[PDB]
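Visitor: I am attaching a structure below and will ask some questions about it afterwards.
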Amino acid sequence: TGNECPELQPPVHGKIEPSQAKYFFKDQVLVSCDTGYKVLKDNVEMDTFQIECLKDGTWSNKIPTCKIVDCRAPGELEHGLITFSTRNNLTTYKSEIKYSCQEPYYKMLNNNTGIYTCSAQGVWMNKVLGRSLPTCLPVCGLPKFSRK
Amino acid sequence: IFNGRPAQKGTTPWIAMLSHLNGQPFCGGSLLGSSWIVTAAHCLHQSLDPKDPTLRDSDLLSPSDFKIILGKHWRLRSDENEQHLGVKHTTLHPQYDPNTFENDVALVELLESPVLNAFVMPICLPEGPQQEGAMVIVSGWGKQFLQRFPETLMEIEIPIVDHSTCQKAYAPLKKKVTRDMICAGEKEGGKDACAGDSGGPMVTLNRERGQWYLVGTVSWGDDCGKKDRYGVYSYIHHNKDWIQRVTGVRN
Amino acid sequence: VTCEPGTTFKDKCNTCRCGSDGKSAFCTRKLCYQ
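Chains as they are written, first to last, in this note's numbering: chain A, 1 to 148; chain B, 1001 to 1251; chain C, 2001 to 2034.
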């Protein structure tokens, strides 16, 4: 009906709607990313990014790329230590950390899973507690010395 | 501690000393959780006037006027194991009776939590009641036989008496012995706590748990180590609910 | 070391009670300096 526009090359880890055989003048599409990824247009991470096709048959903007969700650094635990599930210290999407509790004077509450994985909402999470950190408790009645 | 044996350095890490800013001791205590000390209530108040046997804010010993010492062994001499700590609040039992001695238990909030180590660490709250004849251990820096003071912490290992046969002993001298109280000692007397032992703990070993539990604290007694008169202690399981309510301590 | 076999008196810093006889008294076990 108008002028035709180059078939779009989808982003890595990201959809495009609406998917069409051909694209024409006045048409407009939305670039999305998988669960756990946002769209990066230098230098900001948004949920969708939009482009139209112009009278001259070209796209209004180049296709952006999907940068992974990164929940930064796990919060410190008093009388506790953090250990990672990878040597490179991954903090990106779906990566796990185990909150250990310093021995032998402290133990963890409810002896919970103690594992924290990254939610796609960019947040370190535990399916028992949530965003709330574990609690490390004093160890009662266990003297290091016995009598002669 | 009458006819006692010197405590071995590190076998009683929960023991706490209640001493005036002066340094001079006056009661015992036991560390609960991270920043709490349990004691006898009467430790924490100046002797109420008999003309008005009721309690007042003005009667209670002030937080600024005493300190807590943890990891102490020598009665007067000092250590690098000692940790000197302030007092945020003190809380007596709401049904504590200064004249009857009922509910003779109180809690002291620490100002800064101590560094937990081999010589300093808490005792467990009792997860249940005590059987007749259970061997307990009682510890304190109190006056011993012949009325002198120790250089060290002193302890005694004694059986618990059944409440019934304890009551029968303190009647007909007409002194009440409530459920909140517990007795430890042998028929013919000989081993007891004494002056300067109040609040000092009475513990048991549990097996096959392998953990030491707090049973009760030094409360009162006739004289020290008298025949047919067992020493009375504050039963803790009876007031565990309150303690957990106040402190928020789970084992 | 006798006492009035009534009810409540203060033996130094410690609180006390006397039995049916005025001979013996049951007291708290705190340390005094007074």
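Even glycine gets a Cβ: it sits at the ideal position worked out from N, Cα and C.
Counting only C-beta atoms, is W1220 of chain B closer than 8 Å to chain C at any point?
Guide: With 8 Å as the cut-off, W1220 of chain B counts as an interface residue toward chain C.
Visitor: Look at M1121 of chain B and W1014 of chain B and say whether their C-beta atoms are less than 8 Å apart.
Guide: Yes, they are a contact pair.
Visitor: Buried or exposed: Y2033 of chain C, going by 16 or more other Cβ atoms within 10 Å of its Cβ?
Guide: Classification for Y2033 of chain C: exposed.
Visitor: Going along chain A in order, which residues have a C-beta closer than 7 Å to the C-beta of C1124 of chain B?
Guide: Correct list: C140, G141.
Visitor: May I have the straight-line CA-CA distance separating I1069 of chain B from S1078 of chain B, to the nearest angstrom?
Guide: Rounded to the nearest angstrom, the two C-alpha atoms are 10 Å apart.
Visitor: Consider the Cβ of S146 of chain A: report whether some Cβ of chain B lies at a distance smaller than 8 Å.
Guide: True, the Cβ-Cβ gap to chain B drops below 8 Å.
Visitor: Opposite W1141 of chain B in the DSSP bridges: which residues?
Guide: Paired residue(s): none; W1141 of chain B is not in a bridge.
Visitor: How far does the beta strand (DSSP E) with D1241 of chain B in it reach, from first residue to last?
Guide: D1241 of chain B -> not in any beta strand (DSSP E); alpha helix (DSSP H) instead, spanning 1240 to 1247.
Visitor: With the cut-off set at 8 Å, would you say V1232 of chain B and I1137 of chain B are in Cβ contact?
Guide: No, the pair does not count as a contact, with Cβ atoms beyond the cut-off.
Visitor: Is it the case that the Cβ atoms of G1189 of chain B and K1227 of chain B are separated by a distance below 8 Å?
Guide: Yes, these two residues count as a Cβ contact at 8 Å.
Visitor: Please confirm if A1193 of chain B has its CB atom under 8 Å from at least one CB of chain A.
Guide: So, not an interface residue.
Visitor: Where do the N-terminal and C-terminal ends of the beta strand (DSSP E) with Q1211 of chain B fall, by residue?
Guide: Run containing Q1211 of chain B: 1211 to 1221, per the beta strand (DSSP E) assignment.
Visitor: Can you look up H1089 of chain B in the DSSP assignment and give me helix, strand or coil?
Guide: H1089 of chain B falls in the strand class under three-state DSSP.
Visitor: Please decide whether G1033 of chain B counts as near chain A, where near means a Cβ-Cβ distance under 8 Å.
Guide: It does: the Cβ of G1033 of chain B has a partner Cβ on chain A nearer than 8 Å.
Visitor: At the level of alpha carbons, what is the spacing between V1087 of chain B and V1108 of chain B?
Guide: Answer to the nearest angstrom: the Cα atoms are 7 Å apart.
Visitor: What are the complete beta strand (DSSP E) segments, minimum 3 residues, inside the segment 71 to 138 of chain A?
Guide: Counting whole runs of 3 or more residues, the segment 71 to 138 of chain A contains the beta strand (DSSP E) stretches 80 to 84, 96 to 101, 106 to 108, 115 to 119, 123 to 125, 136 to 138.
Visitor: If contacts are defined as beta-carbon pairs under 8 Å, then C1183 of chain B and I1156 of chain B qualify, I think. What distance do you get, rounded to the angstrom?
Guide: Going by Cβ atoms, the distance from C1183 of chain B to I1156 of chain B rounds to 14 Å, so no, they are not a contact pair.
Visitor: Can you say whether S1019 of chain B is buried or exposed, counting buried as having 16 or more other CB atoms within 10 angstroms of its CB?
Guide: Classification for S1019 of chain B: buried.
Visitor: Tell whether a beta-carbon distance below 8 Å holds between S100 of chain A and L81 of chain A.
Guide: In this structure, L81 of chain A lies closer than 8 Å to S100 of chain A by Cβ.
Visitor: Based on DSSP bridge pairs, tell me the residues matched to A2025 of chain C.
Guide: C:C2018, per the DSSP bridge assignment.
Visitor: Curious, which full-length beta strand (DSSP E) runs of at least 3 residues does the segment 1120 to 1206 of chain B contain?
Guide: If we require 3 residues or more, the beta strand (DSSP E) runs fully inside the segment 1120 to 1206 of chain B come out as 1135 to 1140, 1154 to 1161, 1181 to 1184, 1201 to 1206.
Visitor: Using a Cβ cut-off of 8 Å (strictly closer), state whether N1251 of chain B contacts chain A.
Guide: Answer yes: the Cβ-Cβ gap between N1251 of chain B and chain A drops below 8 Å somewhere.
Visitor: Could you give the C-beta distance for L1085 of chain B and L1111 of chain B, rounded to a whole number, given that I count them as a contact under 8 Å?
Guide: Correct: roughly 6 Å between the Cβ atoms.
Visitor: Could one say the Cβ of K1051 of chain B lies closer than 8 Å to chain C's Cβ atoms, at least one of them?
Guide: So no, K1051 of chain B is outside the interface.
Visitor: For a minimum of 3 consecutive residues, which ranges assigned as the beta strand (DSSP E) are wholly contained in the segment 1034 to 1089 of chain B?
Guide: As far as the segment 1034 to 1089 of chain B is concerned, its whole beta strand (DSSP E) runs of at least 3 residues are 1036 to 1039, 1067 to 1070, 1083 to 1085.
Visitor: Per DSSP, which residues does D2011 of chain C bridge with? Please list them.
Guide: For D2011 of chain C, which the question treats as bridged, DSSP gives the partners C:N2014.
Visitor: Using a Cβ-Cβ cutoff of less than 6 Å, which residues in the same chain neighbour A2025 of chain C once the five nearest sequence positions on both sides are dropped?
Guide: Excluding sequence neighbours, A2025 of chain C sits near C2003, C2016, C2018.
Visitor: Between which residues of its own chain and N1081 of chain B is the CB-CB distance below 6 Å, once the five residues before and five after are set aside?
Guide: For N1081 of chain B, where only same-chain residues beyond five positions count, the Cβ hits under 6 Å are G1071, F1119.
Visitor: If I follow the unbroken beta strand (DSSP E) through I68 of chain A, where does it start and stop?
Guide: It spans 65 to 68 - the beta strand (DSSP E) in which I68 of chain A sits, taken as one unbroken run.
Visitor: Relative to the C-alpha of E1132 of chain B, which residue among B:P1094, B:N1251, B:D1162 is closest?
Guide: It is B:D1162 whose Cα lies nearest to the Cα of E1132 of chain B.
Visitor: By the DSSP assignment, the beta strand (DSSP E) with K41 of chain A in it spans what residues?
Guide: Element bounds for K41 of chain A: 37 to 41.
Visitor: Which term fits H1073 of chain B, buried or exposed, when burial requires 16 or more other beta carbons within 10 angstroms of its beta carbon?
Guide: Looking at its Cβ environment, which holds 16 or more other Cβ atoms inside 10 Å, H1073 of chain B is buried.
Visitor: Measure the CB-CB distance between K2010 of chain C and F1026 of chain B and report whether it falls below 8 Å.
Guide: For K2010 of chain C and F1026 of chain B, no; Cβs fall outside 8 Å.
Visitor: Name the DSSP bridge partner or partners of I51 of chain A?
Guide: Answer is A:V29, bridged to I51 of chain A.
Visitor: With the cut-off set at 8 Å, would you say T117 of chain A and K98 of chain A are in Cβ contact?
Guide: It is not a contact, given that the beta carbons lie outside the stated cut-off.
Visitor: Kindly indicate the opening and closing residues of the beta strand (DSSP E) around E1109 of chain B.
Guide: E1109 of chain B -> beta strand (DSSP E) spans 1106 to 1110.
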